[PDB]
Structure formats: structure tokens, C-alpha cells
Amino acid sequence: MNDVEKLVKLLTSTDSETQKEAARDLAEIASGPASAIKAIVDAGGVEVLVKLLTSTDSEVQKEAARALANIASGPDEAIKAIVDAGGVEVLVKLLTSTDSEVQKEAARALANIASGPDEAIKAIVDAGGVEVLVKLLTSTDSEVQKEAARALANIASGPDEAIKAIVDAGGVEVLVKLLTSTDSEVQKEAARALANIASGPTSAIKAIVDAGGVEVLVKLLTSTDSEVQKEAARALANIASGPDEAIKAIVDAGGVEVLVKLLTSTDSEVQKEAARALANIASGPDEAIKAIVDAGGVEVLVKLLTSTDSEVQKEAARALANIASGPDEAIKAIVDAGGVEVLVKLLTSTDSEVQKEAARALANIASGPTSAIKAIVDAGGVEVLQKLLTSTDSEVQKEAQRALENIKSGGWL
């Protein structure tokens, strides 16, 4: 028997001390390379460790949990071992322990498990783990509270059943309160959680909106930490892709001007998430469009049209097409920002989506005032649009057609 095996054997000793020392050494190993975590699994350490989770020695528990938690950070193979060994159900019980040091390792273990496949997340949910974890979000031990938030955030990045569990357990309200926490880590986790939740079904986005999360998230966009901003912007973008009521919430909370500001962040993710949110918001009702225009959004979005970041460019193009399908005021805005000329150049982009969105925005602008139709004209748009009538992209095609008819019919539709 090798180093590892002798340890696994040394785990079932009648002497508690010998025992705790074996869990400590396996834990240390589990914190190394993946290959080492496999060495334990093979030796059969996972099953043994899980039995010690029910020891009557709160300390023997702690050392075995820490060992599992560290094994749970390895590959899926390891995570399944714990699950198969029936570890999730147990760890879940340890969540309610009196020894806070058992809670921390149990929660950390569970959280590391929730970062695995959707199956592992199903297991935690099926084991009634969510509601318990939701209670730990208010624990008095900063560390237990952090592992819990991280656990829920991971579960929220899984099946809808998972998201619904959190929502149907009062979780959203609790996470939204954690947004205004004091611990950097707790706050970031809660923000990630909600963005993960906001990317689910409408029930989910509505739950976040009804708990007043939007206002809070809008305030988070002003954090001085790009890492926190990403999550907030992302959560807001996911909320904005929701129904019209969700959009109105963002608008009313003043989210639009704040997002317009974040459109020039030097952090690419913040910038992308911001553009996506505005793109989503611009797909809502007229007033939402108004808000972008009144916040100076159009001029900014126009500059982002030449962003060397393909993702950012795509969201700006989409945002501008959507804004362009609004009232003539919205159209005059794009025209005044120099937008037409830029879009005309974008009609021949090699990126299918940038192109399509450009075609769409020029078609929408082509159905506006005489000044708008002329702006296109002057930019040499008729020509560039015609060449497009014979492209493989059915969508680009339809938009070029639509754009040209609108020009010929002097706007009349």
C-alpha cells in the first residue's frame, strides 16, 4: 500500500487522534494537483471520509469535511464519487451543526460541488440543500455566510429547477439584501447569484424585481470594483432581456444613465454587459428608448460601433437598430450623432450579425423624416444596400430590401 492507501486505512482507527491526523493529511493531498485527488478516490477515501461525517467527534467531522471539500474542487469524476457515496445528503445535515467550523467546511464542500455538472446541482437541490443554504446566508459567521453565497451562486448557474428552488425558498430577497453587505466577497457572490438567477425564466426575473433588487443593482454599478460591476451590469442585462415591466423597473431606477456611463469602462466585460443591457432596454417600449436618448446614449453607442471588440460592437449595433425603430426623435438622434455614415460602412462587415443589425438600423432610419432618408443617401447608402440584395444571409437580404423600399417610397409605408 502506498502513502495514500495507508492514510485511508489510518482513517478508521479506534484512536480519535490517529484518525483526525489522517483526515488532515488527505486534506493536504487533496489541495494539490488533480492527479492527487484521483489517488484518494481510487484508494476509496471518499466513502470512508463520508462515514466519518457522522462521527460523534465534532472535530473528526471537521477534518473529514475539509478533506471532502478539497476533493470536491477537483474534476467531475471526484464530485460524482462524493455524490455516489451519499455525501450530499449528509453534508446537508452538517449545514445545521453547532460547531461553526463544521458548517464552514460543509458549506464549502457543497459549494464546490455545485460548481460541477447540472447533475451535482440536482443532487444538492433534491437533498433539500437549497433552503438550508438560504438560511445560512444570514449566519453570523462571515465564513459560513460566504461559502453559502458561493454555493447558491453556483446552483443558480444550473437547471431552472435549481433557480426555482432558490426563488421558492425566499432566496432572492435574501440575496438582494446581501448586495448591500459589508464583506467584499459576500457581496460579489450575491451579485453573481442574482445575475445567474436573472438569466432564468420570467418567474425568476420577476422575483428579483419584486424584491427591489433592481434599485440595489443599479447602485452596485457604481462600485469601484470592476469585478462587482460585471455582475451587476450582467444581472441588469439579464433583467432587461425580460418582459417590458422589468425594463420599466431599470428605467425608473435610473439604470439607463448609469449604464451609459459604463459604456466606456476600460474593463471589456463591464462594457459588453452594459451594451447588452442597453440593447435589451432599447427593445422595450418608446419611453425606454426616450431614456437612452435623454441620457446621451446614442452618441456613445455610435462610437462603440467602431469598437475593435466584436462582442461590444454587436451589442451597440443591435442597440442602435432597436433605438432606430422608435419615434422620429430617436432617429434624428442617431443622424445627429453621425450614426448613418458609420452604419453604412458597417453594411459590408464580415461579421454576419454586425452586418444584419446595421441593415436593420438603416431600414428603421429609412422609414423616418426626409432628413433621415437623405442622410443615408448622402452616405452613399443606396449603392451599398443594393449589392446586399444578393447575399446568402436571408436576413441581411430582407433588411436591405426593406431599407430601399423605404427610401424610394420617400418614407411612406
Side-chain angles (χ1 to χ4, degrees), residues 68-95 106-137 144-176 178-179 185-209 211 213 217 227 230-239 241-242 246 269 273 276:
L68 288 161
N70 290 351
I71 299 171
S73 65
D76 293 0
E77 178 174 298
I79 303 182
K80 196 175 179 181
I82 298 176
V83 174
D84 296 315
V88 173
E89 203 293 292
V90 197
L91 291 165
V92 171
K93 287 199 173 186
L94 295 185
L95 284 169
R108 179 161 84 65
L110 286 172
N112 283 333
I113 292 174
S115 64
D118 285 338
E119 305 194 320
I121 310 189
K122 191 183 186 298
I124 297 172
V125 182
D126 283 320
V130 167
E131 189 149 65
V132 193
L133 293 170
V134 166
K135 193 206 184 184
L136 288 192
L137 293 176
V144 179
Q145 186 184 62
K146 190 182 63 180
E147 292 305 354
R150 188 167 70 73
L152 288 173
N154 291 336
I155 286 151
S157 69
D160 289 46
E161 287 212 306
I163 294 174
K164 204 176 61 62
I166 300 162
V167 164
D168 293 322
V172 174
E173 166 194 50
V174 188
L175 289 168
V176 170
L178 244 49
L179 294 183
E185 280 306 309
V186 170
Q187 174 186 58
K188 310 162 66 175
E189 290 308 338
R192 180 156 70 74
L194 291 170
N196 283 339
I197 288 175
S199 64
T202 310
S203 43
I205 298 179
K206 185 146 288 185
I208 292 179
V209 174
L217 286 164
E227 211 49 29
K230 275 147 53 66
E231 291 314 315
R234 190 184 134 225
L236 290 171
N238 290 337
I239 297 152
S241 65
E269 289 305 312
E273 291 305 341
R276 216 183 97 226

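Numbering of residues begins at 1 and proceeds along the displayed sequence.
For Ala198 against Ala235, the heavy-atom pair with the smallest separation is CB-O, 3.8 Å. Closest non-hydrogen pair, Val172 versus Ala211, comes out as CG1-CB, 4.2 Å.
Around the CD atom of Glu89, the shell of radius 6.0 Å holds more than 12 heavy atoms that belong to other residues, nucleotides or ligands. The number of heavy atoms from other shown groups lying within 6.0 Å of CD (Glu185) is above 12.
Summarising the geometry, atom CD1 belonging to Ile197 is positioned 11.0 Å from atom CG belonging to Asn238; distances are rounded to the nearest 0.5 Å. To the nearest 0.5 Å, atoms CD1 (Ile163) and OG (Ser199) are separated by 5.0 Å. To the nearest 0.5 Å, atoms CG (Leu175) and CG (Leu194) are separated by 5.0 Å. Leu179 contributes atom CG, which lies 7.5 Å from atom CD of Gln187 (distance to the nearest 0.5 angstrom). Atom CZ of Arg108 sits about 7.5 Å away from atom CZ of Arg150, to the nearest 0.5 Å.
Side-chain contact between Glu231 and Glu189: absent, with no pair of heavy atoms (C-beta onward) separated by less than 4.5 Å.
Residue pairs that meet the side-chain hydrogen bond (donor to acceptor under 3.5 Å, both in side chains) test with at least one member in residues 116-128, sequence neighbours left out, are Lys122-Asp126.
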